[PDB]
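Colleague: Structure provided below as structure tokens; questions to follow.
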Amino acid sequence: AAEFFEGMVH
Amino acid sequence: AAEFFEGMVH
Amino acid sequence: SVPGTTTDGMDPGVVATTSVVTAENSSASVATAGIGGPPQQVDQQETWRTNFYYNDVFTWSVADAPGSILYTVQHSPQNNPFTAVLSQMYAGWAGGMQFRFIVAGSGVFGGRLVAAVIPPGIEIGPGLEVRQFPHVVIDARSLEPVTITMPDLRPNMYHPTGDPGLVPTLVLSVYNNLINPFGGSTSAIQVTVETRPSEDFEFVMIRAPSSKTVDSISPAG
Amino acid sequence: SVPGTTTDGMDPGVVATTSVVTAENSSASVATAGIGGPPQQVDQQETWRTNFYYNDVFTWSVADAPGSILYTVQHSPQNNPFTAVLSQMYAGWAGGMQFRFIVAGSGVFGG
Amino acid sequence: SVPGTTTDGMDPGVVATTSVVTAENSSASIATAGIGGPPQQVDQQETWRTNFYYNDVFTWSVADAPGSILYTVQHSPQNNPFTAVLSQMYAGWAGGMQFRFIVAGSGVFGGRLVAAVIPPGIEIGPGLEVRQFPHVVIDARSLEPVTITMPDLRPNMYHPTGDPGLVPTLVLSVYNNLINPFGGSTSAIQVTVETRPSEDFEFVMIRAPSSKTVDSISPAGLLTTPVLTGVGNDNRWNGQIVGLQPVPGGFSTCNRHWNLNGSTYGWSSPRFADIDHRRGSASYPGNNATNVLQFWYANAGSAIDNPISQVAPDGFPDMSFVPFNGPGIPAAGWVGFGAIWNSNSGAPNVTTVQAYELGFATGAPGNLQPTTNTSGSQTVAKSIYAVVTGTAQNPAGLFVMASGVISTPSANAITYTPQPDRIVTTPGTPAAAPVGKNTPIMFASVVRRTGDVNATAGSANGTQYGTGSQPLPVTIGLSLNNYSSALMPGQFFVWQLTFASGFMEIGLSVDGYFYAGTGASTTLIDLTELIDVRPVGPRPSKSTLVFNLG
Amino acid sequence: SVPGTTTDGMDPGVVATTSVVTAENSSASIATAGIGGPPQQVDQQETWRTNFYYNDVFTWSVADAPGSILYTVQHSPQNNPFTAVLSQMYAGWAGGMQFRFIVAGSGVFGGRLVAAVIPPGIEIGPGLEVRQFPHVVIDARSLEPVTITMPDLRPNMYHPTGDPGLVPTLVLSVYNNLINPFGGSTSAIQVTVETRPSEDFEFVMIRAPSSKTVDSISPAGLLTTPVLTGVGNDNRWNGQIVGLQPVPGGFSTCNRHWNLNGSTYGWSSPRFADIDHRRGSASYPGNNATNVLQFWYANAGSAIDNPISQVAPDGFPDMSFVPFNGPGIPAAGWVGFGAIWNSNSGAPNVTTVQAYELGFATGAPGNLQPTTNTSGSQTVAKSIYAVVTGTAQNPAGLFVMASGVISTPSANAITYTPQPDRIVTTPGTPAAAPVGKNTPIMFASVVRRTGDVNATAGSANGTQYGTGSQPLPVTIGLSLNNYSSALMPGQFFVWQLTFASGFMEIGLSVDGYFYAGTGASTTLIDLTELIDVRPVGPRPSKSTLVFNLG
């Protein structure tokens with residue numbers, strides 16, 4: 001779940 | 001739960 | 001400070017959250033609704049989205065049995081006047097809304113109300129029991145306003161204006177009967193509903209003003 | 001804490017002593033009553049003697065003149081149900097008792 | 001600093017304790033429920049555990065004497081909407097429950113209530129003195145809710161789901177009278193009850209849901225909303241149930257009736273099919289054989305066609321035979337289409353087709369009189385219209401259809417045909433008697449009459465009604481399951497029925513009769529604007545069911 | 001060091017991966033199911049999550065060509081016994097499932113299988129080439145179980161419980177032919193499938209169980225074990241269902257028939273009550289009025305009594321009128337007891353009581369012939385026995401009973417009366433056609449005949465059967481709920497029926513017809529030693545239902 005928002009932020 | 005067996009042991 | 005008997009236009013009162021206001025709901029609502037482009041009308045200093053404005057009024061009688069619905073709305077931009085003005089010039093929306101209730105009663109009455117938020121797939125009908133959902137109970141002797149927030153729970157990424165899809169529903173019904181100890185002619189009170197958009201509400205696509213849609217306009221004209 | 005409108009079974013409320021509850025009365029009552037032998041049913045943890053239990057009810061009317069008696073009891077083990085049960089299997093008693101009163105009225109009355 | 005006029009869905013209010021809540025109770029309960037394995041469904045952050053949910057509402061008026069019982073509840077996981085769903089996948093349960101009370105009054109009233117927990121083994125009813133238990137007193141002017149906890153006081157190590165055992169009971173009574181100092185028409189307030197599991201409630205042993213199902217544990221789903229609205233029929237006439245008929249005197253119904261033990265005393269299966277019998281004497285009075293009434297009879301105790309009982313053939317009406325002769329249509333008789341057939345091969349007699357009236361009589365070749373007890377009686381058929389010819393064969397058989405209509409002389413309607421004076425009953429069945437203010441009820445249905453076959457409900461010539469004891473889905477479901485471990489003798493299983501204006505309660509006894517608390521009124525209940533049906537559970541039998549249509 | 005001959009209930013065996021199982025799928029699935037709130041029922045030490053539980057078993061023989069489909073399953077929480085119970089208290093679900101396969105072979109066989117996951121949007125059926133997907137090959141000599149995982153490939157953010165949406169499908173096919181090097185009679189093996197939730201399966205939003213119930217989501221509980229054993233009736237004759245009748249040609253049934261859309265094309269409610277009509281011409285042939293046959297008719301499209309449709313009155317049989325005259329009993333006609341009444345007041349004619357035969361005819365005052373389509377037809381009554389007198393009134397009415405019997409000339413029995421050649425059907429209804437090896441079936445019932453009313457099942461004169469399209473509880477339940485979101489066009493809802501010796505499968509289409517895969521056989525299925533009925537779920541329509549009684 002954290003990787004999804006991390007990728008969209010990055 | 002522990003007090004029950006502790007009382008029966010003591 | 002104001003002594004409870006006068007209320008400001010930006011004052012919610014007490015805050016009542018049942019079980020559906022979560023952090024992951026807002027984080028998933030903001031991140032997924034970016035498929036429509038950058039958000040529009042998002043500025044948390046404007047007067048139209050900081051104050052509560054008038055939406056509705058209804059009456060509560062002594063002869064109302066417990067379990068009878070007094071107020072229901074679907075999730076829509078028509079529940080606030082300024083988002084209803086702005087929705088004619090946009091073609092998509094997402095986010096939640098806040099509902100402020102002021103009971104115009106006295107400290108001699110008795111009785112309670114109950115409010116709940118229903119998931120999108122449940123049919124709103126006669127067999128719906130709203131006291132077996134996560135709810136909140138409001139006394140009839142309350143002086144300060146009570147604010148309930150309805151979030152956006154949706155299976156799609158955004159709500160098209162001509163086709164929103166599945167939406168939640170806010171239901172307010174009778175918990176216990178209204179009691180006037182003196183009896184007589186006074187047997188009803190009034191409750192006023194205000195609205196205000198939540199912090200995660202936005203529009204997306206600009207479109208043309210007074211464009212036609214695949215749905216249908218309200219039968220008022 | 002409970003907000004005054006709900007009361008527990010072991011809660012006396014306020015305490016009102018007139019002039020007859022003294023230390024020498026209790027000290028003379030305990031020491032002299034040992035002529036009957038060792039005391040029985042004396043254990044300050046039992047449920048029958050820690051809770052308040054129902055004894056009576058009475059009504060208070062508007063038309064009651066001042067000086068009219070609404071409730072009277074002599075000192076007896078019949079004023080509590082469990083001491084009345086236990087008194088059939090004993091032949092002697094000593095000590096005092098407590099009486100709890102709950103008025104079922106509103107804040108608009110007087111008297 | 002929130003005020004007391006707004007209450008949150010997780011908020012218990014003031015916690016009112018009682019001497020039955022002890023720490024060694026909780027430790028013994030957990031350590032002895034450990035024989036079912038580790039506890040299941042015990043996550044403390046789940047939404048179904050943290051919130052209170054609605055249970056009931058009752059009324060407190062100024063006319064209730066001190067010591068009057070206002071509300072009782074038995075300890076069960078059926079009191080919460082979410083622990084009743086979760087019990088379908090487990091075989092045991094243990095633990096307590098919390099009950100939250102909200103009093104809807106004002107600061108001008110007076111009066112107090114009292115609440116206590118009753119240990120198992122004690123009979124709950126009138127004369128139960130609550131104020132000589134350890135109790136809590138609650139004022140009528142309280143603004144915050146009050147919550148007390150009922151623990152698990154049991155003689156078992158856990159409660160099996162089918163057979164829990166002995167449980168405690170929570171009783172709320174009247175401490176002092178309710179007082180309105182103004183005086184007038186406003187003398188009542190309302191109290192609402194909600195429920196939530198306590199911190200030590202758990203399930204133990206997982207099992208398949210295709211085991212003992214939800215229809216074998218409690219009879220809550222036997223009476224639903226479409227059963228009394230537009231789907232269900234009655235067990236006597238096979239007609240649409242429209243209303244409820246109070247019987248303030250009492251009655252006993254035997255045929256096609258089932259108790260809560262999976263047993264019947266009657267002679268019929270729970271279905272509507274043909275009535276067939278053989279070896280019965282057939283005759284016709286007079287000498288001329290054109291436009292002549294047909295007669296047939298056979299003795300009771302001889303019809304070897306049913307595996308159930310041999311008193312009467314399957315489908316015979318439980319009505320006493322009204323005697324008649326000549327050109328007069330009888331009043332309130334069970335009549336139905338049929339013919340007399342030949343016993344040697346099964347070939348029917350084609351010319352003897354007419355409407356025959358059925359019943360129980362005492363002397364068939366002699367003088368005709370009705371009878372009620374089946375011992376020494378016999379089954380008698382006689383056509384009400386003129387029929388051609390008549391067979392005088394001694395072993396001749398009778399063939400009638402399933403459903404029937406009312407036999408009326410004129411075009412106008414009459415009262416309910418099945419009055420309690422004339423109902424044929426096998427000896428050994430119990431009767432339904434009034435218990436306090438609760439009186440037995442029947443289920444009314446619009447049934448056509450032989451004087452006007454066009455007449456329906458609301459007609460200008462009057463409406464004809466026929467009554468039965470139970471609805472047909474109820475007696476079908478009672479013959480497939482066993483509910484011995486669901487109701488003690490002296491208890492009712494209660495359902496709440498709501499309308500557009502008011503609401504009423506009905507109850508079901510162990511014997512299989514239905515009740516409503518109406519007193520001595522004889523007015524039919526309309527039952528047209530019914531909205532919802534909700535189960536409540538076991539209640540004491542000497543408690544008045546609430547009946548207000550407004 | 002445990003051997004491979006013993007397998008534990010938590011043991012997956014060898015984990016066989018496929019390119020559709022990716023990490024970004026799992027992260028996207030969790031992060032987008034987070035809009036339903038926190039996940040529910042996700043405790044990893046619970047017994048219902050850790051163990052595998054039984055799903056199915058299928059057969060692999062040597063005659064199956066490469067590319068033949070052996071087993072399919074659609075993605076749903078109804079594939080596990082415990083996630084189907086837990087879905088009654090939630091409004092959404094998301095996540096995957098694991099499927100464990102055990103092959104029961106030996107080390108002397110040859111041949112291989114192939115398994116792949118099919119994304120949504122692709123039609124599953126014959127011609128689906130599995131070996132050109134990413135796949136796994138499994139040998140027939142494998143001793144340990146093999147488990148592959150089906151992930152959640154969806155275009156929504158979660159699946160609503162009523163309306164999930166598009167789902168993937170797991171298909172197992174034949175890679176190479178099964179080989180027995182010895183050769184002979186032993187050419188088959190069996191594979192068992194079990195299921196377990198994966199680590200990311202969860203529910204989201206809690207709701208009341210008294211919301212949309214379990215009877216409005218899937219029609220699994222509409223067909224249970226007592227329905228086909230001893231409780232259910234058929235929708236044409238109201239008689240006890242005893243067997244199953246295959247129809248290899250095909251048929252179309254319109255009256256008292258419901259589809260999976262909550263809709264009917266017929267003219268009858270789902271109940272058996274009286275047939276009443278007025279304003280119809282009545283006449284009698286000949287001049288003498290003693291022992292004279294009675295005639296009555298009325299046109300179609302005129303009977304204003306039903307809110308449903310006005311083709312025929314409620315309860316009229318959907319059978320073509322067999323013409324007859326004189327002293328001859330017709331063959332296979334719907335006959336029932338009744339009389340002709342007077343339209344001005346409703347008073348019946350007492351002397352005109354007989355058994356009347358009902359049907360659909362083309363010319364009633366002229367020459368008599370049967371008809372099938374309702375357009376331009378009319379409803380015709382004619383008594384089969386001699387009756388007294390006859391009323392020649394023009395608006396005269398007809399009153400018949402609900403149930404009927406077969407009209408047979410002799411004491412012997414005949415074939416099933418309702419043959420597919422003569423079934424009266426409103427234009428606009430679809431027909432039931434064979435799909436591959438699957439053929440439509442009907443529900444047989446023992447129905448009495450007018451030549452021998454004593455005859456039952458197993459009699460020496462033969463057994464008489466009448467057939468219907470659906471069982472009565474099924475069509476009652478289909479008219480109360482809507483199942484649009486349960487079966488795509490081109491799918492069957494499958495039930496497994498087990499016996500004392502063998503087991504068979506039946507399927508239900510969207511149109512409301514029932515099927516069994518038997519080919520061209522016409523033998524009745526006995527259906528006496530039936531034991532259990534279990535639901536299976538949606539399957540492709542071009543797949544053979546297994547039929548072996550041994």
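Scheme for the structure tokens: letters A, B, ... for chains in order shown; per-chain residue numbers from 1; ligand numbers from 1 in order shown.
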Residues at most 12 Å from residue 7 of chain A, counting only C-alpha atoms, excluding those fewer than 5 positions away in the same chain, as number ranges by chain?
Modeller: A: 1-2; C: 31; F: 24, 27-28, 31
Colleague: Go ahead and write the selection's residues with N, CA, C and O atoms as a short mmCIF file (atom, residue, chain, number, x, y, z; two decimals), in the first residue's frame.
Modeller:
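Everything below was put into result_34.cif:
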data_model
loop_
_atom_site.label_atom_id
_atom_site.label_comp_id
_atom_site.auth_asym_id
_atom_site.auth_seq_id
_atom_site.Cartn_x
_atom_site.Cartn_y
_atom_site.Cartn_z
N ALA A 1 0.82 -1.20 0.00
CA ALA A 1 0.00 0.00 0.00
C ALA A 1 0.86 1.26 0.00
O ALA A 1 0.53 2.24 -0.66
N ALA A 2 1.97 1.22 0.75
CA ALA A 2 2.84 2.38 0.85
C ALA A 2 3.61 2.62 -0.45
O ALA A 2 3.92 3.77 -0.79
N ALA C 31 -5.88 10.64 -4.02
CA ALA C 31 -4.88 10.15 -4.97
C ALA C 31 -5.51 9.58 -6.23
O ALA C 31 -4.92 9.67 -7.31
N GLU F 24 3.14 -5.44 -7.85
CA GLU F 24 2.41 -4.18 -8.03
C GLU F 24 0.91 -4.40 -8.09
O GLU F 24 0.15 -3.51 -7.71
N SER F 27 0.07 -4.48 -4.30
CA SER F 27 0.17 -3.16 -3.69
C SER F 27 -0.95 -2.24 -4.17
O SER F 27 -1.56 -1.52 -3.37
N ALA F 28 -1.26 -2.28 -5.48
CA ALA F 28 -2.37 -1.50 -6.02
C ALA F 28 -3.71 -1.97 -5.46
O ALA F 28 -4.57 -1.14 -5.14
N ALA F 31 -3.92 -0.74 -1.74
CA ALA F 31 -4.00 0.71 -1.66
C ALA F 31 -5.26 1.28 -2.29
O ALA F 31 -5.64 2.41 -1.98
#
Colleague: With a distance threshold of 6 Å and counting only C-alpha atoms, extract the residues of chain F near chain E and express them as a list in words.
Modeller: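 For chain F, the answer reads residues 346, 347, 350, 353, 354, 385, 451, 452, 453 and 454 of chain F.
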Colleague: With a cut-off of 10 Å and counting only C-alpha atoms, select all residues of chain A in contact with chain C and give the selection as a list in words.
Modeller: residues 4, 5, 8 and 9 of chain A
Colleague: I need the chosen residues saved as a compact mmCIF listing (two decimals), in the first residue's frame, with N, CA, C and O atoms.
Modeller:
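The new file result.txt reads:
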# COMPACT_ATOMS: atom_id res chain seq x y z
N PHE A 4 2.57 2.20 -3.48
CA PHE A 4 1.69 2.81 -4.47
C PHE A 4 1.68 4.33 -4.34
O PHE A 4 1.92 5.06 -5.32
N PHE A 5 1.46 4.82 -3.12
CA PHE A 5 1.49 6.26 -2.87
C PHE A 5 2.90 6.82 -3.00
O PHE A 5 3.08 7.96 -3.43
N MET A 8 3.45 7.23 -6.75
CA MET A 8 2.68 8.36 -7.28
C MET A 8 3.26 9.70 -6.82
O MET A 8 3.20 10.70 -7.55
N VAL A 9 3.81 9.74 -5.60
CA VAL A 9 4.46 10.96 -5.12
C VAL A 9 5.77 11.20 -5.88
O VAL A 9 6.05 12.32 -6.31
Colleague: From the set D:84, D:2, D:89, D:73, which residue has the shortest atom-to-atom contact distance to residue 40 of chain D, counting only C-alpha atoms?
Modeller: D:89
Colleague: Between atom CA of residue 394 of chain E and atom CA of residue 365 of chain E, what is the distance, to one decimal in Å?
Modeller: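 Interatomic distance, atom CA of residue 394 of chain E to atom CA of residue 365 of chain E: 13.2 Å.
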Colleague: Identify which of the residues C:213, C:198, C:40, C:19 lies closest to chain E, counting only C-alpha atoms when measuring atom-to-atom distances.
Modeller: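 Comparing C:213, C:198, C:40, C:19 against chain E, the winner is C:19.
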Colleague: I'd like the neighbourhood of residue 312 of chain F as a list in words, where a residue qualifies if any of its atoms comes within 9 Å (using only C-alpha atoms), though same-chain residues fewer than 6 positions away should be ignored.
Modeller: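 The residues that qualify are residues 267, 268, 277, 299, 300, 301, 302, 303, 306, 378 and 379 of chain F.
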Colleague: Since we have the selection now, will you write its residues out, keeping N, CA, C and O atoms, as a PDB file, in the first residue's frame?
Modeller:
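Below is the file out-v6.pdb, written as the result:
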ATOM      1  N   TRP F 267     -50.137 -16.043 -17.707  1.00  0.00           N
ATOM      2  CA  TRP F 267     -51.358 -15.399 -17.234  1.00  0.00           C
ATOM      3  C   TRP F 267     -51.788 -15.899 -15.859  1.00  0.00           C
ATOM      4  O   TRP F 267     -52.962 -15.770 -15.503  1.00  0.00           O
ATOM      5  N   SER F 268     -50.869 -16.454 -15.071  1.00  0.00           N
ATOM      6  CA  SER F 268     -51.211 -17.025 -13.776  1.00  0.00           C
ATOM      7  C   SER F 268     -50.242 -16.557 -12.700  1.00  0.00           C
ATOM      8  O   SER F 268     -49.047 -16.385 -12.951  1.00  0.00           O
ATOM      9  N   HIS F 277     -64.397 -16.916 -14.353  1.00  0.00           N
ATOM     10  CA  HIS F 277     -64.578 -16.016 -15.480  1.00  0.00           C
ATOM     11  C   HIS F 277     -66.068 -15.770 -15.656  1.00  0.00           C
ATOM     12  O   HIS F 277     -66.891 -16.615 -15.302  1.00  0.00           O
ATOM     13  N   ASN F 299     -63.913 -15.649 -25.642  1.00  0.00           N
ATOM     14  CA  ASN F 299     -62.771 -15.275 -26.464  1.00  0.00           C
ATOM     15  C   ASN F 299     -61.567 -14.911 -25.606  1.00  0.00           C
ATOM     16  O   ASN F 299     -61.697 -14.517 -24.443  1.00  0.00           O
ATOM     17  N   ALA F 300     -60.383 -15.047 -26.195  1.00  0.00           N
ATOM     18  CA  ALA F 300     -59.152 -14.613 -25.551  1.00  0.00           C
ATOM     19  C   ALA F 300     -58.963 -13.110 -25.720  1.00  0.00           C
ATOM     20  O   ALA F 300     -59.355 -12.522 -26.732  1.00  0.00           O
ATOM     21  N   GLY F 301     -58.350 -12.489 -24.716  1.00  0.00           N
ATOM     22  CA  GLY F 301     -58.127 -11.059 -24.729  1.00  0.00           C
ATOM     23  C   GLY F 301     -59.214 -10.232 -24.081  1.00  0.00           C
ATOM     24  O   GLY F 301     -59.181  -9.000 -24.195  1.00  0.00           O
ATOM     25  N   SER F 302     -60.178 -10.861 -23.407  1.00  0.00           N
ATOM     26  CA  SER F 302     -61.336 -10.165 -22.872  1.00  0.00           C
ATOM     27  C   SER F 302     -61.506 -10.309 -21.367  1.00  0.00           C
ATOM     28  O   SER F 302     -62.254  -9.525 -20.773  1.00  0.00           O
ATOM     29  N   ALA F 303     -60.848 -11.282 -20.740  1.00  0.00           N
ATOM     30  CA  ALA F 303     -61.062 -11.572 -19.328  1.00  0.00           C
ATOM     31  C   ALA F 303     -60.402 -10.535 -18.426  1.00  0.00           C
ATOM     32  O   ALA F 303     -59.224 -10.668 -18.085  1.00  0.00           O
ATOM     33  N   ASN F 306     -57.387 -10.238 -14.174  1.00  0.00           N
ATOM     34  CA  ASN F 306     -55.997 -10.364 -13.755  1.00  0.00           C
ATOM     35  C   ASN F 306     -55.295  -9.028 -13.907  1.00  0.00           C
ATOM     36  O   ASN F 306     -55.461  -8.364 -14.941  1.00  0.00           O
ATOM     37  N   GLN F 378     -59.375 -19.089 -28.384  1.00  0.00           N
ATOM     38  CA  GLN F 378     -60.398 -18.865 -27.372  1.00  0.00           C
ATOM     39  C   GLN F 378     -60.392 -20.020 -26.378  1.00  0.00           C
ATOM     40  O   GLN F 378     -59.884 -21.104 -26.679  1.00  0.00           O
ATOM     41  N   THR F 379     -60.961 -19.773 -25.201  1.00  0.00           N
ATOM     42  CA  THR F 379     -60.971 -20.746 -24.116  1.00  0.00           C
ATOM     43  C   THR F 379     -62.295 -21.503 -24.102  1.00  0.00           C
ATOM     44  O   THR F 379     -63.366 -20.890 -24.140  1.00  0.00           O
TER      45      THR F 379
END
Colleague: Would you list which chain E residues are within 9 Å of chain C using only C-alpha atoms, as JSON, numbers by chain?
Modeller: {"E": [2, 3, 4, 5, 6, 7, 8, 9, 10, 47, 48, 51, 52, 53, 54, 55, 57, 80, 81, 82, 102, 103, 104, 105, 106, 107, 108, 109, 143, 180, 182, 183, 184, 185, 186, 187, 188, 189, 190, 191, 192, 501, 502, 503, 531, 532, 550]}
Colleague: Identify, on the basis of only C-alpha atoms, every residue whose closest approach to residue 32 of chain C does not exceed 12 Å; exclude the query and any residue fewer than 2 positions from it along the same chain; express the result as a ChimeraX atom specification.
Modeller: /A:4-5,8 /C:24-30,34-39,93-95,154-159,200 /F:28,31-35,156-157
Colleague: Pick out the closest residue to residue 97 of chain D from this set: D:66, D:36, D:77, D:13. Count only C-alpha atoms.
Modeller: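 Of the candidates, the smallest distance to residue 97 of chain D is held by D:77.
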